[PDB]
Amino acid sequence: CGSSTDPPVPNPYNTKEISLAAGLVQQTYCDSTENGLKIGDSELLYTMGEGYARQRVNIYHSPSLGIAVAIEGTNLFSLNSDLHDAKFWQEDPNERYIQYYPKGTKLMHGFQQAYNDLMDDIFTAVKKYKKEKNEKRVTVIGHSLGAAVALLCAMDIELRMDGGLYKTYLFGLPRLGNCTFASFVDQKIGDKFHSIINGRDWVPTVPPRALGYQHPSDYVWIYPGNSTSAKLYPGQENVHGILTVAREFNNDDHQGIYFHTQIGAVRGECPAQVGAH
C-alpha cells in the first residue's frame, strides 16, 4: 500500500456540520433517555446500549443531516494494549455483508465484533425513523473506538440499505481495515467521508500500518489542537500529515474541541453543547 505525497490544501468541509456532528456524538457518552432532547438543530429520537459490553447508539433527526446515527467510543478494550492480542487480528467481513466486499478485504476483529453486536438494531431503528420522518438522508457519526465502528456502519448503510449513505463524520478515527478495505471505502463513499483529527491525538496512528492496516483517503487535521486552523491532507496516509508533529499518548486532544464543540467523552459535557467553545 502507498502513502500519498499530495501537498495539504484548505479545509473544504462544512464546519457547522462538523460542529453539530461533534455534539451529536458527545451526547452518546451521556445518559440519553430524555424525550425529545435537542442537540444543535437535531432531536434525539432513540437510544440503544449503555457503555459496558456495547457502545451507546443515539438516533436523531436533523434538518441538515437527516437521520443521524451516532456511536459512542468508550474503552470496551484498550488501543494501547498488547497488539498480538486477538482484538487486533485481521479477519474476513462478517457473513451478513461479505457478498458486498471485494476479494481480500480484511477488518480488525475488535471493531467488526463491536459493530456486529449493533448492526441489526441500527438497521431496524434507522429504517423505522426514515419512514416516520419522511427522511431519505442517513448520516453516521463516531468518535474514538466508535469512529471505527461508525466507519464500518457507514459502509454497511451505503452497501445494504435502500437509499445508501448521505454523509459520515468521524472523529479521532483508528485504522479499521487493510489496503483493500481502505480503497473500497474511497470507491464507495469517498465523496461522503469526513475524518477529523485534533492536535496531537495518537488514536489515528493505531493499529499500526505494520499490522496491515490502512486509512481511507483524506482527513482534516486541526492544528494546533482545539483551534480553527485546519487543512485537508489528501489521499491515503498522507506523508505531510499528523506524523510530522509528535503524538502525545494521552487523551487530551483526542477529547478536545472540534470547531467549537467539545468531545470530552465520559468526563465531558452532558448534555452535549454544540458550538459552546
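Numbers follow the displayed sequence, beginning with 1.
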{"query": "Selected stretch [higher average CA B-factor]: 242 to 250 or 212 to 220", "finding": "242 to 250"}
{"query": "Per the entry, higher mean C-alpha B factor between 179 to 187 and 87 to 95", "finding": "87 to 95"}
{"query": "Selection by C-alpha B-factor (highest) of 62, 26, 32, 236", "finding": "32"}
{"query": "Maximum C-alpha temperature factor, selected from 76, 148, 140, 155", "finding": "76"}
{"query": "Modelled-residue ranking by C-alpha temperature factor, third containing residue 48", "finding": "highest"}
{"query": "CA B-factor ranking of residue 192, expressed as a third of its chain", "finding": "lowest"}
{"query": "Third of the chain, ranked by Cα B-factor, where residue 57 sits", "finding": "middle"}
{"query": "Ranked against its chain, the third holding the CA B-factor of residue 67", "finding": "lowest"}
{"query": "Chain thirds of CA B-factor: placement of residue 168", "finding": "lowest"}
